[PDB]
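Heads up: the structure comes next, in structure tokens.
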Amino acid sequence: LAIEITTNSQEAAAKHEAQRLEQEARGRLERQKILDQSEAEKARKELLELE
Amino acid sequence: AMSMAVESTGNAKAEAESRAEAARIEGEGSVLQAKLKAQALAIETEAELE
């Protein structure tokens, strides 16, 4: 049971790491996406003028 | 919000510019038309008196 607690603790901080990196992902990507939609709008305005 | 601006305004500007151009014609037309009503209903009124 003493390896068990250390085996589970490996599992633990591993899962916790994964989640922090998952947030790295979504936190970055959701920001890239805004900075895309905004780059599109800088064009969409011009288009909307011609429209 | 700037696109929202260009869309909304640009639309109603396009739209009122339409109406405005329409009645601009009609007004220039009704002057010509009332000028013809003039000579017509006054040559009609002329040999009406005789």
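Here, A, B, ... name the chains of the structure tokens in the order displayed, residue numbers run from 1 inside each chain, and ligands are numbered from 1 in the same displayed order.
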Output as a PDB file with N, CA and C atoms, in the first residue's frame the set of chain A residues within 7 Å of chain B, with distances taken over only C-alpha atoms.
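And here's result26.pdb as it stands now:
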ATOM      1  N   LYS A  45     -14.914  45.201 -42.495  1.00  0.00           N
ATOM      2  CA  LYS A  45     -15.394  46.572 -42.491  1.00  0.00           C
ATOM      3  C   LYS A  45     -15.290  47.140 -43.906  1.00  0.00           C
ATOM      4  N   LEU A  48     -17.709  45.560 -46.050  1.00  0.00           N
ATOM      5  CA  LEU A  48     -19.029  46.087 -45.682  1.00  0.00           C
ATOM      6  C   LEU A  48     -19.290  47.501 -46.188  1.00  0.00           C
ATOM      7  N   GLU A  49     -18.213  48.239 -46.467  1.00  0.00           N
ATOM      8  CA  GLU A  49     -18.286  49.562 -47.101  1.00  0.00           C
ATOM      9  C   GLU A  49     -18.634  49.429 -48.578  1.00  0.00           C
TER      10      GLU A  49
END
Point-to-point distance in Å for atom CA of residue A:50 and atom CA of residue B:15: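 Spanning atom CA of residue B:15 to atom CA of residue A:50 is a straight-line distance of 14.8 Å.
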